[PDB]
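Quick setup: one chain, the form deposited in one PDB entry, written in structure tokens, and binding and motion questions come after.
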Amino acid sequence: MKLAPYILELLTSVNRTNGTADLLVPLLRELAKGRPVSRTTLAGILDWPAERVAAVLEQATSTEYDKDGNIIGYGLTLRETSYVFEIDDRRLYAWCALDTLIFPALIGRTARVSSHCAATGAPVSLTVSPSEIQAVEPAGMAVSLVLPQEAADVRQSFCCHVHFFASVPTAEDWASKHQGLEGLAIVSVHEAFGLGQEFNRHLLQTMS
């Protein structure tokens, strides 16, 4: 219920240098176009030397690149995951369930999100807009949260534990067999979306 520790630690894990948020939003908007993103493209959008783009990305250890050295994944990714994230006619993916709830507001576009329950395999889907969620299927969908670690790779420490589930009772049953994960908690997808909204508010307030 109390979500401050999650917001605080995720902000710390995500915002590791000056300009991270400045870079992250344009990057997500470019990735949402469905093609690899070159550093020079970001440099142009930001009015930064490409050097600076590189230094910000270097601190982002989980960043995925393709065989050309272009960016293909940073929260939103072109590389298949369990979380499908579609913007119009482009199929993208996300690193975790919470990412799917956060990115639409940051990109300014509505996403069709689909996945499978981590406990039962049942398909789950919803439509996520910058301001609300809709067509939640099934209606009682839930999300797992853990406390992000500050100095760890965000995918290894946070993303891999943050799933969708068919329902709260199903997720709580799953959670009962998952001890030793700091801050493990089950919330409804609505509660998770509200967490995402608070995270975004704090993130955006740190932009130039």
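Rigid core here is just the name for the largest C-alpha set that superposes within 1.5 Å across the two forms. For every residue, the number given is its place in the sequence shown, counted from 1.
Below: the form deposited in another entry, not depicted.
- prompt: Which is the one residue in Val162, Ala50, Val168, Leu147 whose C-alpha moves 2 Å or more between the shown form and the other one, relative to the superposed rigid core?
  reply: The one that shifts is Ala50.
task: Using a superposition on the rigid core, decide whether the Cα position of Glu9 changes by 2 angstroms or more between the shown form and the other one.
output: After core superposition, the C-alpha of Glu9 moves less than 2 Å between the shown form and the other one.
message: If I superpose the two forms on their rigid core, does the C-alpha of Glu191 end up displaced by 2 Å or more between the shown form and the other one?
response: Shift at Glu191: below 2 Å after core fit.
Large Cα move at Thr20 between the shown form and the other one, threshold 2 Å, rigid core: Comparing forms between the shown form and the other one, the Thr20 CA shifts at least 2 Å.
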